[PDB]
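Here the first sequence stands for residues -2 to 153, 162 to 410, 413 to 432, numbered as in the authors' numbering. Take a look at the structure set out below.
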Amino acid sequence: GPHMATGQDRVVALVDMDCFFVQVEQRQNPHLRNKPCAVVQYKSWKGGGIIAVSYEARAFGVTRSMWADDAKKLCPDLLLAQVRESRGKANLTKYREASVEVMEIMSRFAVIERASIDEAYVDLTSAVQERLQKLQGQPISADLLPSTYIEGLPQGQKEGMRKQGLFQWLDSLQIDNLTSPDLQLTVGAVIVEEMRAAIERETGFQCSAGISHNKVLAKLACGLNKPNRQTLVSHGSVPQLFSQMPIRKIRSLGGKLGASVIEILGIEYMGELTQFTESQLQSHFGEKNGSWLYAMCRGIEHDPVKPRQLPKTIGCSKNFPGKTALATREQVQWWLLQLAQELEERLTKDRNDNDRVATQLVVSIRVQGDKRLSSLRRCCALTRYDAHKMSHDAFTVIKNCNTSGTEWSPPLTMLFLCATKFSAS
DNA sequence: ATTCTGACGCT
Ligand SMILES: Nc1nc2c(ncn2[C@H]2C[C@H](O)[C@@H](COP(=O)(O)NP(=O)(O)OP(=O)(O)O)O2)c(=O)[nH]1
Ligand SMILES: [Mn+2]
Ligand SMILES: [Mn+2]
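Take a look at the structure:
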């Protein structure tokens, strides 16, 4: 009872941009705004592969991983923006720079952990404490939460439902107790409204957010009312929320591990995990995963918001599927050089912006007919930012995969160069 | 023949 800690010590938010690459293209090209539109990579094979879809286009069934030619069958009016092509490959620089715009705004409010090109976690515990002291017992008005949903409310038109649930929540709040976790989350949500307003004012981009006591619940909360809304998931909301939540929806369980939880335990929903002992879960899934699962299904997770805004690696990849696979020495060399030229550009800019240098070069390849996504992964020293040296070293390190007797066999279906092991500069 | 990333765990 009094000694079962409840994982209510922190206020954590997850901010995720709405259809991010589409919004970047819509800001640049006003003719795309408020239209069914998507962003593709390449164009020749089936019109290109879609990686981002506006919410208008999602209403017709357009999804990521769809070929644009197929999406047009669902949505004949679909508008398309193509990712930039440089040195014969997709170049995501525009979206990386847009990401930095957003991250720099979020960093004004609190320490953030970049979790992807378009999302960051925010540790708001200290900011909430400061703001609670600033309010000096003053209640929290619904006007301060104009885009917030309270998960699980109302209890007992979409905007009308939203506001009913918010009123129920706010009428229940104990504002005089500076230590109430529910009040702390509410103040967190006020700050996140301010952060999201700043992002939209200063970039034009809309985003959604989750506010809860840890990263997993904040990420889950984010997706519940996208787009352009934020969602507060309280500790008390967890039993009902998890009682029908498929296990695969929880971050890290969308893959083989979640499938094995489902199959070994004979369950479907996160909440059903509560019926197992910590030792039982550790027995099936290992000591780390088992402890994590035991706490997670009760709404509890301890993973910190890491102070890390910048990527830890800078990588350059290209697939060569089907008959396009690289089958000569000259081909492999030329593409390694293209990859290294983009890597050198991004690294030189990184070194000037972020006062750091990469020290290790990772080379990964796939060969045709190989089941694995990495037929080989080998590292070497990254001593200078020179594309010719990096491409020559990558070839030196992969060349003994060639079984030919000028030819390359098995043909390569993927090349990948990644700079890692950064040190201050 | 979604492709192009990037974090993190295991051994
Ligand atoms: N190259 C590449 N980029 C991708 C891929 N998947 C996503 N991206 C890029 C394009 C995406 O815009 C961006 C962020 O991915 P999300 O946050 O998962 N989706 P979004 O923000 O579009 O919509 P929502 O409102 O549902 O969050 O990452 C992929 O497989 N490949
Ligand atoms: Mn997003
Ligand atoms: Mn995202």
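Heads up, the beta-carbon is just placed ideally off N, CA and C, and yes, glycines get one too.
For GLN126, the enclosing alpha helix (DSSP H) stretches over residues 122 to 132. Rounded to the nearest angstrom, the gap between the Cα atoms of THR236 and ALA10 is 10 Å. Taking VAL192 as the centre and dropping the five residues before and after it, the same chain places the C-beta of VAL125, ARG128 and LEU129 closer than 6 Å to its C-beta, in chain order. Within the model, the alpha-carbon separation for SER138 versus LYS220 is close to 26 Å.
Taking 8 Å as the upper bound for CB-CB distance, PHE290 and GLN338 are not in contact here, some 45 Å apart. Proximity to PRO143 across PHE172, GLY153 and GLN133 peaks at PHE172, based on C-alpha coordinates. The chain-ordered list of residues whose CB is nearer than 6 Å to some heavy atom of ligand 3 reads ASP13, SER113, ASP115 and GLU116.
In the structure shown, the three-state DSSP call for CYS406 is helix. When the beta-carbon positions are compared, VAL59 and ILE47 come within less than 8 Å of each other. Of the candidates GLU306, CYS72, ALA78 and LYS69, the residue whose Cα lies closest to the Cα of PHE18 is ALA78. Distance from the CA of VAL266 to the CA of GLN287, rounded to the nearest whole angstrom, comes to 11 Å. The DSSP-derived three-state label of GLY215 is strand. Contact between the stretch 221 to 233 and the stretch 143 to 152 is present, with at least three C-beta pairs closer than 8 Å. Set against 7 Å, the gap from the CB of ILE272 to the closest heavy atom of ligand 1 is not smaller.
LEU183 sits in coil when the DSSP states are folded into three classes, being neither helix nor strand.
Relative to ligand 1, the beta carbon of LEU225 is positioned no closer than 7 Å to any heavy atom. The beta carbon of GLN38 sits closer than 7 Å to at least one heavy atom of ligand 1. In the DSSP assignment, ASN233 falls outside any beta strand (DSSP E) and carries neither an H nor an E. For the stretch 290 to 359, the full-length alpha helix (DSSP H) segments reaching 4 residues or more read 292 to 301 and 334 to 359 along the chain.
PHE210 has its Cβ no nearer than 7 Å to any heavy atom of ligand 2. With three or more CB-CB distances shorter than 8 Å, the stretch 253 to 267 counts as touching the stretch 289 to 304. As a beta-bridge residue in DSSP terms, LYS86 pairs with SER83. Judged by DSSP in its simplified three-state form, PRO417 adopts strand.
For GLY374, no alpha helix (DSSP H) segment is defined, and its DSSP state is neither H nor E. A distance below 7 Å between beta-carbons, with the five flanking residues on each side excluded, links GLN346 to the following residues of its chain, in chain order: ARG84 and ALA392. For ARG167, the enclosing alpha helix (DSSP H) starts and ends at 163 to 177.
A contact is defined here as three or more CB-CB pairs under 8 Å, and the stretch 268 to 278 meets this definition with respect to the stretch 241 to 256.
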